[PDB]
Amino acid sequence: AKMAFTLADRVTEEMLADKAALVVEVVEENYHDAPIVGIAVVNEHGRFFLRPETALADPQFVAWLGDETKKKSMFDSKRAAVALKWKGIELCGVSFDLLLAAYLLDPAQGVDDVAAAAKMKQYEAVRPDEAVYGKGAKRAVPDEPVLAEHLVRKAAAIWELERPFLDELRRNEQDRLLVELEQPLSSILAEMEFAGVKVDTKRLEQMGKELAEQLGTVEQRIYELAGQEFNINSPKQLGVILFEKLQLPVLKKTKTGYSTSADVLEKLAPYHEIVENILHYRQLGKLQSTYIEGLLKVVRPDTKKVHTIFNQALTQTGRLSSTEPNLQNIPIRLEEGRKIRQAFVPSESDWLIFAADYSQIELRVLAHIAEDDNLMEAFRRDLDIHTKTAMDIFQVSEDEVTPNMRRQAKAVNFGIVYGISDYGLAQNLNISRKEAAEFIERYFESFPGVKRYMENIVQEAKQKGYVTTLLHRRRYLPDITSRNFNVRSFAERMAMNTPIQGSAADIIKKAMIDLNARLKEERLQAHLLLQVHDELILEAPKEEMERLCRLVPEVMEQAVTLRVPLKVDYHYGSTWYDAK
């Protein structure tokens, strides 16, 4: 049965009530400078559809959008807020975001439209967006009657579902997590995305040119060494060259053929000079295709900025992700790739990039949650944690810790945080399962509080059905009761890891909210550009650097109070590369 609404030709006062469900529809996946295709409002007075050209040109409607005392409930308010920012319109007063509510209640549902959220509460009187707009290439905005009914049904669902969602959040003790953390964060991310990051495209193009020259040389050397020409980028052609023509050992298999992962190739390098060249080719080609060509494709040519979109409602642990471009995986480990960061520059003359990162936040969170006396003392002394771990597991003095010992202890520390397993550690360190098991046993002997946490958290996951983070984010783990060893073991590792990774995510999100409040109080021009899981990147006038050196680390260190200190390192410079 059809849903009744007014297809309005002009904005009226009853559309401007002080509580409403609002839909401001942006169909393009990337909403930056994208069209708004229609607007729906549902409130005490009825249901309304407005054409955007009309509504967004109407002073009363625009004033209503920007009035913080006029409360709106929405789904994915950041998309609307950013699309409106590109049109110079402020959206304020969003008091409920159904996307973030659904995400907090259960991130595993993968809710990404109103219909998916609605089905959580047995409400089905709204179509999935994919049904209305189609998917992929065939995607398209439908004719007005179809569009208007869809937007009004979405607004009506939001209007109905706010109360039951808030009720369930309150039962879970997650209502403050929504209202005081995720919703305010959404506004901060909207500002970050809209500001964008300035790119030195000439520098990127120069790099592109160098890389292409190097790739040509290496490509030709590979042909020479192979005694043949082939698609180095093909798994089938390369496999025939390495494991048939050149007879290299097959040390590892993939589902459907020969593994050629770098870890495998590293092992084969002693047998034939072609291998080191394939590795080099892959290094350069990744930089060329993903970073140089990829970034240049998405830079806006007018302003030379890139505008990422942070997906706030995707990861199972409460981290953000970043897309189009992903600015959370710009190279840093190897110097050649690291130079890519020289192309990320401040957006104004005489400004600088300032970067601040937490030192070992996940192990500090683990020390806190596990109340492990040895680990807490280590951080209270601000020790090098990997050297301390080596001292304990290998039973030696600090002087006797060799580089290889520190390297292996570091890998153990990562294993412990990720959800230790003897097979996984063995693969990482390239040792036997028995040997890896001995490393883990020694670790738990030195850190018995961590051992107790790991046992207890798996038991809690089984008993309650989920694990929780410091600020009450939850992750359900139904596979924890599986009678399949591999399925169950993966869930156990999630039970161990999620409260650590997720609590670290909670802390940095709170730090962002606190930082923006402090920046506004101090009336600094500095602002956030990016978050990369445990680090915040800002730009500001050079004259603000001294103040930021004190202000940013303090805010990040004081965001929460743990049983150990939090420690933040910081650097600044004329490009992201130099903020090291």
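Numbers follow the displayed sequence, beginning with 1.
Mean Cα B-factor comparison, 500 to 508 or 145 to 153, giving the higher one as deposited
If you average the C-alpha B-factors of 145 to 153 and of 500 to 508, the larger mean comes out for 145 to 153.
What stretch has the higher average Cα B-factor here, 301 to 309 or 395 to 403?
Result: 395 to 403.
Per the coordinate record, which of the options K388, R282, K464, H472 holds the highest CA temperature factor?
Largest recorded C-alpha B-factor: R282.
Tell me, please, which of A378, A190, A125, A262 has the highest C-alpha B factor according to the deposited entry?
The listed residue with the largest C-alpha B-factor is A262.
According to the PDB entry, is the CA B factor of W351 in the bottom, middle or top third of its chain, that is, lowest, middle or highest?
For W351, the deposited C-alpha B-factor lands in the middle third.
Sorting the chain's modelled residues by C-alpha B-factor, tell me whether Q174 ends up in the lowest, middle or highest third.
Its C-alpha B-factor belongs to the lowest third of this chain's values.
Going by the CA temperature factor in the PDB record, which third of the chain does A63 belong to: lowest, middle or highest?
For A63, the deposited C-alpha B-factor lands in the middle third.
Give the position of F243 by CA B-factor within its chain, expressed as the lowest, middle or highest third.
For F243, whose C-alpha B-factor we compare with every modelled residue in the chain, the answer is the highest third.
Should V412 be placed in the lowest, middle or highest third of its chain by the C-alpha B factor in the entry?
Answer is middle: the recorded C-alpha B-factor places it there.
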